[PDB]
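We use all heavy atoms of the structure for the numbers below, so side chains are in, but hydrogens, waters and symmetry mates are not. Index from 1, following the sequence. Atoms within each ligand, like the ligands themselves, are counted from 1 in listed order.
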Amino acid sequence: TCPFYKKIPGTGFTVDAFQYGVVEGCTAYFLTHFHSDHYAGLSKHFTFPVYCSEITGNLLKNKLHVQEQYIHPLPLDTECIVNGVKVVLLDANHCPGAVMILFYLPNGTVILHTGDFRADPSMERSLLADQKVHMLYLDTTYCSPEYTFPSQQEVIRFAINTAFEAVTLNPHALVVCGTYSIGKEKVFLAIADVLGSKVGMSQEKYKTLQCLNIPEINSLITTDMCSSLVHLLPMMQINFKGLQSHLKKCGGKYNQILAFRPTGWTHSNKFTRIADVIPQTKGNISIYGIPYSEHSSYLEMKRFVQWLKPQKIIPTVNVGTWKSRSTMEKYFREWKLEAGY
Ligand code: NI
């Protein structure tokens, strides 16, 4: 059954709760972003109100074929009324179209649901700074102090410099980038830009990207693989077999592949800097794992929570084992005691 951490008390609202059939007493289904664990269950057959951002609404319509009448897009940073309750959508700094949701309850309680987020100091000067938040439904993906990672800017710098060097040494080298969902478009876009190429991809993926309101996107992407030297492929195909295979396809136009796998966290994070990353090589194929995260580090999460000073925290991630729940609850208490709320 729908877990309690997907229900907003004192409302008929749910968040990211599309795979339980009808939820008894839900009058409006919010969707934080277009990732499959969150939208799982949506389709052209859904006949309840879906509230989401404009971008998420483009993807519901074009990729899942949900009917227009049930999609209710809201503008960000704007006080809106939904079934008699005031709500605001904020940028979550996750994937395109991803939001946090502020609920202002009739009784006077204020609730923030982060969806999936990468906390940032910029959030401390949004509409969140304007009143007190009592309850926090928190993206706890990386809630443990071993999870450090570099900034997104440092990671893109590394990838741009690596690719440019490689292709300038060898003009017959192909760059390949893995993907399995929206998000992390900066990786392949920044590399394509330094190389003066558009990025080439399947028709399905091009259609996905054409829903995201990215400025000047027609200038940046294409479905003509021939005219492109940055290819996107399913992440599953980013391995030596899959890459040799792909190279055969290109008809001797390339003699070398340099591939990127944008991982979340991986345990070489606890010993190695970005400056000191190296690839896995087999012949004329090299594969870089780069730690580009769209979720909060442990320290970014800790800062955000210590700034917000919520009265109660409800985790939405890693909730399925008692050992994880108990460990999270310990950190919440440490933070609270250190900061004095
Ligand atoms: Ni996500």
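Within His33, the N, O or S atom at minimum distance from the Ni ion (ligand 1) carries the name NE2. Closest N/O/S atom of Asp116 to the Ni ion (ligand 1): OD2.
With the Ni ion (ligand 1) as the vertex, ND1 (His35) and NE2 (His94) define an angle of 90°, rounded to 10°.
Annotation: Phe149 is in aromatic contact with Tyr142 [ring centroid separation under 6.0 Å].
Between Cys2 and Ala17, the shortest heavy-atom distance links the atoms SG-CB, 4.0 Å.
With hydrogens and angles left out, the side-chain atoms of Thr208 and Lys63 include a donor and acceptor closer than 3.5 Å. In summary, the side chains of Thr32 and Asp16 do present a donor paired with an acceptor at a separation below 3.5 Å, with no hydrogens or angles considered.
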